[PDB]
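Encoded as structure tokens, the structure appears first; notes follow it.
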Amino acid sequence: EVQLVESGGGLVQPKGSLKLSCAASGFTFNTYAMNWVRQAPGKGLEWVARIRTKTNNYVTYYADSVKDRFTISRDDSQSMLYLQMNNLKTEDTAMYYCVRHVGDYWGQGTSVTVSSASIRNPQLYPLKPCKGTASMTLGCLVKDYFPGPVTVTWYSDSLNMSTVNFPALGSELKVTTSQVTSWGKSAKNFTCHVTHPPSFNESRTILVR
Amino acid sequence: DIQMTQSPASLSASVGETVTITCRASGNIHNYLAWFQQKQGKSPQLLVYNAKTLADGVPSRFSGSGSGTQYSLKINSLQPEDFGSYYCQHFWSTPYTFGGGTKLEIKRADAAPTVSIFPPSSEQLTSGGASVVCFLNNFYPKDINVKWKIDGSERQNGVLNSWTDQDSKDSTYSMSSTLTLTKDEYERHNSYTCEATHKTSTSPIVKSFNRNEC
Amino acid sequence: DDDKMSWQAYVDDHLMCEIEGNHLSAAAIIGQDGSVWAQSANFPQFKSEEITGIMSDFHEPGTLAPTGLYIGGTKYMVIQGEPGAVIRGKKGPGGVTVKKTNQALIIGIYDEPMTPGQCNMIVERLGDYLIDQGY
Ligand SMILES: *[C@@H]1O[C@H](CO[C@@H]2O[C@@H](C)[C@@H](O)[C@@H](O)[C@@H]2O)[C@@H](O[C@@H]2O[C@H](CO)[C@@H](O[C@@H]3O[C@H](CO)[C@@H](O)[C@H](O[C@H]4O[C@H](CO)[C@@H](O)[C@H](O)[C@@H]4O)[C@@H]3O)[C@H](O)[C@H]2NC(C)=O)[C@H](O)[C@H]1NC(C)=O
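Protein chains in written order, with the deposited numbering: chain H, 1 to 209; chain L, 1 to 214; chain C, -3 to 131.
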């Protein structure tokens, strides 16, 4: 029932500005204090901001790291939380979650990359067994993209379908691999659907004979 | 400000054993401390809120303990789904600082990999490139070595290697070796082998014939 | 509304814990209606009119000042607080802090050797903590 969905993340050049949003559903949003928490790509968690309810005049508390640059706000009439970011530094590149009170419910997360480089939409290649060596395992190769992340999701007509995604590898141009493993009765269709943050959607279909 | 120091940094334990992760504050946080578990690629999840109160849907094998400046999280009867990292956060005064985290690996019986190779795609080949991909799917421990041999000649410069976290139920790692080349470079030769060394009795390998049979 | 932590646990582990070497003398979580949700062993028994006077000062700050903060038949002189949020009283070396939540009242009574700032700190924190869940 309780669901927090972040949005707005993306790639921004240094000293840029960006406004992340968080949509809350399933609870009376006006009665709870909200948080923004970020996690660096390989590092740990860091608390960055908190806002209070109408009872205490919507007070706001920030971290010294983002003290004079970031602004947290809320619209309880629309059950929305916002994080305004200005003068974005490299150290701000992280994934951002909205968090309710002490952490009972977190959000999916929105990724933000602060870099001088330019967005490269990924290239998807279907990898099939060699003719005659056919096996249950199939997969997809996502290559040469920035900034990430990519969400590779499988759709097939088989049951007992296992999906293993592998962490991305690289700075600037990154690559990543996804493997599907089917068992039981054979299926005719194995389609992998890859999403890149700036409204990039593409699919590659592997038909089996 | 109240900074918090967590220990240990990494812990490994066979299934069924018991571990405690301790977390220390620079001042009395008066039992305003929460525990979070996080797995790779997903958002954190609250296990223990306040010193000892378990959140909804948390197994009772998590005992939250502590007082004053030192608190700890006990996990008795460890289960294979308890891999990941654990962070402690205080809520006494702003800033509500997190911790450094403790990565938990699940000690497990040794298993050998299963290697499956794949040749370059039709779309990559028409793009001017070629990448032979190799998926080692289930093994323990994560330490493993890979060797790409083109016509029996070793090549090591252009291979990328991706590792995964432990499986939720098998506690087995997985790995991906992808060797990328140009179209002329890959079309000159015919035999491609992907070899892995783990338990070291012998190296499991798979091969393709660059359209000679493919 | 979270029902997983007992109000007794709140008063015991967040109101009567050690702060700066001292302890509160007594503490309680009470509803604005007057129903005590939890209270320590030595917390006094309120009177109905005393709670209503407290609540009237929260509704109009400065109205309890002529009467005084009456808690358990004991008269405390009202001192400075936060309008509509905190009501404070002094009875010589001791005193009391009443923090308002959305539905309840957090009350802490101290005596020497306890400073008023330490009683303020503990009581008001649990107040703000529970306001942020809607409690
Ligand atoms: C192989 O599998 C892929 C994936 O399909 C998914 O998995 C299957 C196992 C099965 O469960 C499917 O139901 C499931 O979607 C198939 O590729 C998908 O094909 C459909 C049909 O083209 C696409 O659906 C489209 O969705 C659009 C919005 O999302 C929608 O606008 C499209 O409709 C349009 O066209 C019709 C016809 O004129 C018109 O009436 C509409 O008003 C509209 O204009 C359409 O519904 C999916 O996007 C495709 N991709 C994915 C990832 O789902 C594939 O067909 C299947 N078979 C083969 C042989 O490849």
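Every residue gets a Cβ at the ideal spot worked out from N, C-alpha and C, and that includes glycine.
* Nearest to C:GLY104 by CA position, among C:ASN18, C:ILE25 and C:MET1, is which residue? -> Counting from 1 along the third sequence, the entry for residue 104 of chain C is found at position 108. Closest option to C:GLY104, Cα to Cα, is C:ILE25.
* Asked: Which residue's Cα is closest to the Cα of H:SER162: H:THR176, H:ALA168, H:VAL66 and H:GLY184?
  -> Taking the first residue of the first sequence as position 1, residue 162 of chain H is located at position 162. Taking only the C-alpha atoms, the option nearest H:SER162 is H:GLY184.
* To do: Count the C-beta pairs between the segment 175 to 189 of chain L and the segment 8 to 18 of chain C that are closer than 8 Å, then say yes if the count reaches three, no if not.
  => no
* To do: Starting from the N-terminal end, write out each residue whose C-beta falls within a distance shorter than 7 Å of any non-hydrogen atom of ligand 1.
  => H:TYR155, H:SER156, H:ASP157, H:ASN189, H:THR191, H:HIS193, H:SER203, H:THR205 and H:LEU207
* **contact_flag[the segment 124 to 141 of chain H, the segment 117 to 124 of chain L] where n(CB pairs < 8 Å) is 3 or more** => yes
* With distances taken between CB atoms, is the gap from H:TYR96 to H:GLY9 smaller than 9 Å? -> Residue numbering aside, residue 96 of chain H sits at position 96 when the first sequence is read from its first letter. Residue numbering aside, residue 9 of chain H sits at position 9 when the first sequence is read from its first letter. Cβ distance < 9 Å, so H:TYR96 and H:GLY9 count as in contact.
* Taking the alpha helix (DSSP H) that C:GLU45 falls in, what are its first and last residues? -> Within the third sequence, residue 45 of chain C is the residue found at index 49, counting from 1. First-last of the alpha helix (DSSP H) with C:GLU45: 44 to 55.
* Residues of chain C with CB under 9 Å from L:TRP35, in chain order? -> Your numbering for residue 35 of chain L matches position 35 in the second sequence. Neighbours of L:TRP35 on chain C: none; closest Cβ ~14 Å, over 9 Å.
* Asked: Grouping DSSP H, G and I as helix and E and B as strand, with all else coil, what is L:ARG188?
  -> Within the second sequence, numbered from 1, the residue matching residue 188 of chain L stands at position 188. Three-state result, L:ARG188: helix.
* Asked: Using a Cβ-Cβ cut-off of 7 Å (strictly less than) and excluding sequence neighbours within five positions of C:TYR131, which residues of its own chain qualify?
  -> In the third sequence, residue 131 of chain C corresponds to position 135, counting from 1. The residues are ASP(-3), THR97, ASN98, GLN99 and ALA100.
* Who are the Cβ neighbours of H:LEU138 in its own chain at under 7 Å, not counting the five residues just before and after it? -> Position 138 of the first sequence, counted from the start, is the residue given in the question as residue 138 of chain H. Once the five neighbours on either side are set aside, the close Cβ partners of H:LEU138 are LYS128, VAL180, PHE190 and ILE206.
* Roughly how many angstroms separate the alpha carbons of L:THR5 and L:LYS107, rounded to a whole number? -> For this step, residue 5 of chain L is matched to residue 5 along the second sequence. For this step, residue 107 of chain L is matched to residue 107 along the second sequence. In a straight line, the C-alpha of L:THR5 is about 25 Å away from that of L:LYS107.
* **Beta-bridge pairing of L:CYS134 - partner residues as DSSP gives them** => As a working note, residue 134 of chain L is residue 134 in the second sequence. Looking at the DSSP assignment, L:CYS134 forms a beta bridge with L:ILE117 and L:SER177.
* Asked: Which word fits C:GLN76, buried or exposed, when buried means at least 16 other C-beta atoms lie within 10 angstroms of its C-beta?
  -> Taking the first residue of the third sequence as position 1, residue 76 of chain C is located at position 80. Its Cβ having fewer than 16 others within 10 Å, C:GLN76 is exposed.
* Asked: Since L:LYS74 and L:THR114 are thought to touch, with beta carbons under 8 Å apart, how far apart are those beta carbons, to the nearest angstrom?
  -> As a first step, residue 74 of chain L is located in the second sequence; it is residue number 74 there, counting from the start. As a first step, residue 114 of chain L is located in the second sequence; it is residue number 114 there, counting from the start. Contact flag wrong, Cβ pair sits at about 37 Å.
* **Selection of the segment 119 to 134 of chain H by Cβ proximity to chain L, strictly under 9 Å** => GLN123, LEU124, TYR125, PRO126, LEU127, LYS128, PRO129, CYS130, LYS131, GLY132 and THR133
* So is H:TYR105 in contact with chain C if we call contact Cβ pairs under 9 Å? -> The sequence position of residue 105 of chain H within the first sequence is 105, counting from 1. Chain C contact via Cβ: absent.
* Asked: From the beta carbon of residue 282 of chain H, is the nearest beta carbon of chain C less than 9 Å away?
  -> The question about residue 282 of chain H has no answer here: the residues shown for chain H are numbered 1 through 209.
* Measure the C-alpha to C-alpha separation of H:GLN13 and H:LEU88 and round it to an integer number of angstroms. => Counted from its first residue, the first sequence places residue 13 of chain H at position 13. Counted from its first residue, the first sequence places residue 88 of chain H at position 88. Going by the C-alpha atoms only, they are around 8 Å apart.
* Span of the alpha helix (DSSP H) holding L:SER122? -> Residue 122 of chain L sits at position 122 when you count from the first residue of the second sequence. Counting along the chain, the alpha helix (DSSP H) containing L:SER122 begins and ends at 122 to 126.
* Asked: Hey, is the segment 160 to 180 of chain L in contact with the segment 133 to 140 of chain L, meaning 3+ C-beta pairs nearer than 8 Å?
  -> yes
* Asked: Does L:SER168 have its Cβ less than 9 Å from a Cβ in chain H?
  -> Your numbering for residue 168 of chain L matches position 168 in the second sequence. No, no contact with chain H.
* To do: Compute the Euclidean distance between the alpha carbons of H:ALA168 and H:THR177, then round it to the nearest angstrom.
  => Residue numbering aside, residue 168 of chain H sits at position 168 when the first sequence is read from its first letter. Residue numbering aside, residue 177 of chain H sits at position 177 when the first sequence is read from its first letter. Approximately 8 Å, taken between the alpha carbons.
* Asked: Roughly how many angstroms separate the alpha carbons of C:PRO112 and H:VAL2, rounded to a whole number?
  -> By 1-based counting over the third sequence, the position of residue 112 of chain C is 116. By 1-based counting over the first sequence, the position of residue 2 of chain H is 2. Rounded to whole angstroms, C:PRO112 to H:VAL2 spans 40 Å at the Cα level.
* Asked: My guess is that H:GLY44 and L:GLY101 are in contact by the Cβ rule of under 8 Å, so how many angstroms apart are they, rounded?
  -> For this step, residue 44 of chain H is matched to residue 44 along the first sequence. For this step, residue 101 of chain L is matched to residue 101 along the second sequence. With a Cβ gap of about 5 Å, H:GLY44 and L:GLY101 count as contacting.
* To do: Quick one: which residues of the segment 176 to 201 of chain H get their C-beta closer than 8 Å to a C-beta of chain L? List them in chain order.
  => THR176, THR177, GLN179 and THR181
* Asked: Smallest Cα separation from C:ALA5: which of L:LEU11, L:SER7 and L:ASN31?
  -> Indexing the third sequence from 1 puts residue 5 of chain C at position 9. Closest option to C:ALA5, Cα to Cα, is L:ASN31.
* **Contact list for L:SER7 against chain H, beta-carbon separation under 9 Å** => As a first step, residue 7 of chain L is located in the second sequence; it is residue number 7 there, counting from the start. Neighbours of L:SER7 on chain H: none; closest Cβ ~14 Å, over 9 Å.
* In its own chain, which residues sit with a C-beta less than 8 Å from the C-beta of H:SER65, not counting the 5 before and 5 after it? -> Here residue 65 of chain H corresponds to residue number 65 of the first sequence, with the count starting at 1. Cβ within range, chain order: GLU46, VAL48 and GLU91.
* Taking all protein chains shown into account, do 16 or more other C-beta atoms lie within 10 angstroms of the C-beta of H:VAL37, making it buried, or fewer, making it exposed? -> Along the first sequence, one-based indexing puts residue 37 of chain H at 37. Per the 10 Å Cβ criterion, buried.
* To do: Under 8 Å by Cβ, that's how I've got L:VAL159 and L:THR178 pegged, so tell me the actual separation to the nearest angstrom.
  => Taking the second sequence and counting its residues from 1, one reaches residue 159 of chain L at position 159. Taking the second sequence and counting its residues from 1, one reaches residue 178 of chain L at position 178. Right, the Cβ-Cβ distance comes to about 7 Å (below 8 Å), so this counts as a contact.
* Would you please verify whether the beta carbon of residue 210 of chain H is less than 9 Å from any beta carbon of chain C? => What the structure shows of chain H is the stretch from 1 to 209, and residue 210 of chain H is not part of that stretch, so it cannot be assessed.
* To do: Run down chain L in chain order and give the residues with a C-beta less than 8 Å from the C-beta of H:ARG50.
  => Indexing the first sequence from 1 puts residue 50 of chain H at position 50. Those within 8 Å of H:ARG50 in chain L are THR94 and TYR96.
* Check the DSSP bridge columns for H:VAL152 and list the partner residues they point to. => Residue 152 of chain H sits at position 152 when you count from the first residue of the first sequence. According to DSSP, H:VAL152 bridges with H:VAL194.
* For C:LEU122, does the count of other Cβ atoms within 10 angstroms reach 16, so buried, or fall short, so exposed? -> Taking the third sequence and counting its residues from 1, the one referred to as residue 122 of chain C is at position 126. C:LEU122 should be labelled buried.
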